[PDB]
Amino acid sequence: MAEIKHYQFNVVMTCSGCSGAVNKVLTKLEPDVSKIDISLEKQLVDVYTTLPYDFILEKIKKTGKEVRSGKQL
Amino acid sequence: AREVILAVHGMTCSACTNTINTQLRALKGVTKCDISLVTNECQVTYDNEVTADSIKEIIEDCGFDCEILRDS
Ligand SMILES: [Cu+]
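Listed in order, the protein sequences are those of chains H and F.
The working numbering puts the last residue of the first sequence at 1408; the count rises by one with no breaks.
The working numbering puts the last residue of the second sequence at 155; the count rises by one with no breaks.
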């Protein structure tokens, strides 16, 4: 318990107001998320955390944007 | 129906906004969902089975900032 895992999601994103919404949702999780980094051109989001993977998929699903892929590294 | 209206300060462009209406009009009590793009007002109309406090956590989990402008 408490070992950091790495996750990467490819997500459909039009605006800088889309990545700025994703950043605002994920900011709530920094007490257990150690890095958040978004690449709009690559259409992807990088996460490093001890939180469970399906809880991030479900916070993305509440953000409401469509997901091209999700994986662990 | 009752009604609620909220200041959604992240509303600026068009393509972000329908992610609100698409989700809210899928909820089994929502009757209508309007928005205003310069004044950042979002104006939702609904029957029963949810609170303005629950709505604030949904719309803040949409990645906005909202404060409840009126419960009417
Ligand atoms: Cu947008």
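Using N, Cα and C, we set each Cβ at its ideal position, and we do this for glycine too.
- At least 7 Å separates the CB of residue 136 (chain F) from every CB of chain H.
- A distance criterion of 6 Å places the beta-carbon of residue 98 (chain F) in contact range of ligand 1, judged by its closest non-hydrogen atom.
- Contact note: residue 144 (chain F) reaches chain H through 1360, 1394, 1397 and 1398, using a C-beta cutoff of 8 Å and chain order.
- For residue 1350 (chain H), the distance from the CB to the nearest heavy atom of ligand 1 is below 6 Å.
- Taking 7 Å as the CB threshold, residue 1349 (chain H) lines the interface with chain F.
- Within the same chain, and ignoring the five residues on either side of residue 154 (chain F) in sequence, the residues whose Cβ sits closer than 7 Å to its Cβ are 87 and 135.
- Short of 7 Å from the beta carbon of residue 1354 (chain H), and not among the five residues preceding or following it, lie these beta carbons of its own chain, in chain order: 1348, 1373 and 1375.
- Listed along chain H are 1349, 1350, 1352, 1353 and 1356, each with a C-beta nearer than 8 Å to that of residue 99 (chain F).
- Contact annotation, residue 1356 (chain H) with residue 145 (chain F): C-beta distance approximately 7 Å; criterion of less than 8 Å satisfied.
- Around the C-beta of residue 1400 (chain H), 16 or more other C-beta atoms lie within 10 Å, and the residue is accordingly described as buried.
- Inclusion of residue 1360 (chain H) and residue 1402 (chain H) in the CB contact set at 7 Å is not warranted, their separation being larger than that value.
- Per DSSP, residue 1353 (chain H) is one residue of the alpha helix (DSSP H) stretching across 1351-1361.
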